[PDB]
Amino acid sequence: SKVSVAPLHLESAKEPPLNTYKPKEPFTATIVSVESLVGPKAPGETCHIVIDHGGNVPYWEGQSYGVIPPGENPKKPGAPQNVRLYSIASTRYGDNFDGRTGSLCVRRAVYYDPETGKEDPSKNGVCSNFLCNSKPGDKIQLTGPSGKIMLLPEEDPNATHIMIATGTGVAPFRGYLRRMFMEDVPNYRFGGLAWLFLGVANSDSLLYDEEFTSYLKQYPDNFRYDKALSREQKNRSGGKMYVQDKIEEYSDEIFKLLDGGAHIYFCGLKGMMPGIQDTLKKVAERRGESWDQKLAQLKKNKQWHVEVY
């Protein structure tokens, strides 16, 4: 069955929380756990970070937390570090189903010299390494939450939601899908179609795959799930298999869903977008449609949701 979540008063707010904590006075949260999400063949580490905010920093699905890593701002002596934003990967109830924790999905940013591969700790991403190096009990300076672009439209509980992720961009969708399928939320009973597309480098780089695969068996008429593994698969045009190529395998179904009012979401590194736009333009052309006109209508209709970084 669906998992009991508490406290249900988290459903009462009519607007998303925004900027509850600000950079000059962050909330000092506590790490619950840090675990690698990836196997040995993954090109880099991505970790799942669980943070106890005590119920003091609630959020809605699709929002981001800010994290201020320790140390001086290298560009502003005497000043704290700049906030880094992370898409929240949990529902508002969090992974403990209690409204006290939130989770992040963090790629460790590691520098390698382009010719020798030599590392340099001074050039590593400050906050991603800080988070992935964290341990239970460590303290985190948390700000926010913030963001509205990726809030889940719940007005139609039978809407269609097409979720396009690369890498850590799966984060908001983990939250959406737990709310849609896993958690007992009496005021949001999802009966539409949720369709997750995930592009990663290889099978060892998959994120939360067992969770998503479980939804196929639990909600076979409401959930679809397709994966692209760039270093292990090739598209029909012999390039590395990217998320836009998987979309094209379902070009007719996807365009029909869009025409029927589906929401479509994009999240992950901003470099995922040019190839997606190229594929959608070519799909439209083969159908005798103008992708420019289709995208203009999707934006006008508030069906098009992008948060890339």
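A residue's number is simply how far along the shown sequence it sits, counting from 1.
- In this entry, 266-274 shows the higher mean Cα temperature factor of the pair 266-274 and 58-66.
- Just going by the entry, 249-257 versus 48-56 on mean CA temperature factor gives the higher value to 249-257.
- Comparing C-alpha B-factors across 83, 106, 180, 200 in the deposited entry, the largest value falls on 200.
- As recorded in the entry, 113 carries the highest CA temperature factor of 184, 113, 95, 156.
- Annotation for residue 194: CA B-factor lies in the lowest third of the chain's modelled residues.
- Among all modelled residues in this chain, the alpha-carbon of residue 120 has a temperature factor (C-alpha) in the lowest third.
- When the modelled residues of the chain are ordered by C-alpha B-factor, residue 36 sits in the middle third.
- When the CA B factors of the chain's modelled residues are split into thirds, the value for residue 88 lands in the lowest one.
- In this PDB entry, residue 303 carries a Cα temperature factor that places it within the lowest third of its chain's modelled residues.
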